[PDB]
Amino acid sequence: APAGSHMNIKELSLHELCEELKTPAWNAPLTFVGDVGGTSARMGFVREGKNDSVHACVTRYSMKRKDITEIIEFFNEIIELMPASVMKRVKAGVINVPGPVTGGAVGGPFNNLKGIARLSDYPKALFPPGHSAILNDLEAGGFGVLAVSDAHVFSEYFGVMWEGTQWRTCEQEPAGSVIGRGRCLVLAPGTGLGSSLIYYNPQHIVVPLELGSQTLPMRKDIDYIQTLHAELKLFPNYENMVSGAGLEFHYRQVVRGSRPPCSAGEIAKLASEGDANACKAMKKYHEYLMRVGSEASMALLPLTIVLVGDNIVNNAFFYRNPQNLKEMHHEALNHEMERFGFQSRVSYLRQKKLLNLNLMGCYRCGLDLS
């Protein structure tokens, strides 16, 4: 019932997408959107239905050549098919990319993609000047988190891990029910570690960050961090510990050549099945994710930290174990500033139902942009 709460995202073949857009229901203003990641991209169009409902259909391309410029071919092969009837309806064009974006127009460099995303190189049919942008992925995600809060459906998609000291101080509503009137640190651990701060005051503004790339501070783990360092030939950062390659590293350190190396996916799958080794590796992954959160808790003074992404949803098992959850909490407050209770001010929440926040975010940004 609540306005904006119906959010449908359907993935189709390019042909099916094209046929879908010819149906009478899609004779409306179109926003082109693209959630471009390291390995795949979902590109498509979004319209607003009845009851402020959000209707999206996208096609997934593979980022095989690992080159952010590749997507220009995608845009072009899309413009190749679609009828003029459809193309005239495009009112805005917004994409997100997995790297730092400046001026909303130049993205990169990327850790795992070649090149630089350039809005000025994109086809104006999909990217109308004055109504177009490149967002960073977690910037897109933050607009998405905002959109979900505005559609009154926050507790449908996010679960409370633990409510911090400060929420009671400034919120009339229950935690997890709305984004809240306070800063929101949005974290997404996957291939990389994304972070964005939704800042609030006289009201919500999404500010892109790169916390993952900060040098990782040693606590009582000089040896662990020096092992990774000799492997990477670099001073480890947070992402090195909290990413796919991170989880794989933790797993290797646990088994010590007693079992074959597994991918991030395999390790998590093993953990969901109660494998001791994989569970140990997941705890370490999560120990360092709580270190990201403890320091950002100090540095950014957020009201809430919200963990997002398919990996979070899919890892629900890890978070629902009350023992895992107690130890993460303990880790989240393991900072010298906690003596003043800064780490305990913060409420942690985790995405609990699947939803492409990034596309919701491009669409929303696309509204603002026209």
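Don't overthink the numbering: it's just position in the shown sequence, from 1.
Enquirer: Might you work out how many residues are unmodelled in the deposited sequence between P260 and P261, and answer none, 1 to 3, 4 to 9, or 10 or more?
Expert: According to the record, the chain runs unbroken from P260 to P261.
Enquirer: Would 9-17 or 347-355 have the larger average of its C-alpha temperature factors, as given in the entry?
Expert: The recorded data point to 9-17.
Enquirer: Look over 116-124 and 294-302 in the entry and identify the one with the greater average Cα temperature factor.
Expert: Mean C-alpha B-factor is greater for 116-124.
Enquirer: Highest recorded C-alpha temperature factor, please, choosing from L307, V33, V36, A28.
Expert: Highest C-alpha B-factor among the listed residues goes to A28.
Enquirer: Out of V106, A188, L135, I78, whose C-alpha atom has the biggest B factor in the entry?
Expert: Reading the PDB entry, the winner on C-alpha B-factor is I78.
Enquirer: Ranking the modelled residues of this chain by C-alpha B-factor as given in the entry, is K280 in the lowest, middle or highest third?
Expert: It falls in the middle third of the chain.
Enquirer: Lowest, middle or highest third: where is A268 by Cα B-factor in its chain?
Expert: CA B-factor rank for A268: lowest third.
Enquirer: Ranking every modelled residue in this chain by its Cα temperature factor as given in the entry, which third contains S85?
Expert: For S85, the deposited C-alpha B-factor lands in the highest third.
Enquirer: Ranked by Cα temperature factor within the chain, is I222 in the lowest third, the middle third or the highest third?
Expert: Lowest third, going by the recorded CA B-factors of the chain.
Enquirer: Would you mind checking where the Cα B-factor of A92 ranks among the modelled residues of its chain, as the lowest, middle or highest third?
Expert: CA B-factor rank for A92: highest third.
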